[PDB]
């Protein structure tokens, strides 16, 4: 950069902290283990004549 | 002393036992009075329908009882279709438990057959019809309710 004659100030400015990055983090992972069941029954008493 | 109506049944045989201060002519008159009150229908296939016994010792009531004391008393055993009609009830309560085979495992569990219950039902049903045949005494009739024209 152009400027004043003789010695000029010696300045670094690279910011240390990480930028935006791929860590979305909040995703569904483990629902509780859950099976549905249709169920059935059939009445079975003595049935003579 | 059985929960059956004798007027609904038909008398078949009687044994009358008499105790105490008893007269044979008065026993005869008492039984003759029943036979003339023929609404107490006995079977027509057995007109000689009475047996009699007479003993001199009157009944004793055991202390702490409730029975009145008496100089004379009467005991009877009677055969009649009414008590088979009481059996026909006891068989139709067996039939209802067996029609759903209720309780039969407490008896098959002892090493009976279920076949025994079916045998027993049928033997009993044969007995009710044995009594129906003798309820059918083929007794003759009396009259009609109405008269005629000419």
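Note that chain B carries Swiss-Prot numbering, so the residues on display, from first to last, are 302-451.
The backbone N, Cα and C atoms fix where each Cβ goes, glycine too.
In Swiss-Prot this protein carries:
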CROSSLNK  B:326  ubiquitin cross-link
CROSSLNK  B:370  ubiquitin cross-link
MOD_RES   B:339  omega-N-methylarginine
MOD_RES   B:439  phosphoserine
MOD_RES   B:443  5-glutamyl polyglutamate
MOD_RES   B:445  5-glutamyl polyglutamate
MOD_RES   B:451  3'-nitrotyrosine
REGION    B:432-451  region 'Disordered'
SITE      B:451  site 'Involved in polymerization'
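Projection of Swiss-Prot feature records onto the structure.
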residue	record	DSSP class
B:326	ubiquitin cross-link	helix
B:339	omega-N-methylarginine	coil
B:370	ubiquitin cross-link	coil
B:439	phosphoserine	coil
B:445	5-glutamyl polyglutamate	coil
B:451	3'-nitrotyrosine	coil
Spatial neighbour of the residue listed as 'omega-N-methylarginine' that is closest, considering only the recorded positions B:326, B:439, B:443, B:445 and their CA atoms: B:443
Alpha-carbon spacing, residue B:326 (ubiquitin cross-link) to residue B:370 (ubiquitin cross-link), which is rounded to whole Å: 23
List of residues, in chain order, with Cβ under 8 A from that of residue B:439 (phosphoserine) and at least 6 apart: B:345, B:346
Spatial separation of residue B:443 (5-glutamyl polyglutamate) from residue B:451 (3'-nitrotyrosine) - C-alpha basis, Å: 22
Cβ-Cβ distance under 8 Å to residue B:370 (ubiquitin cross-link), same chain, at least six residues away: B:362
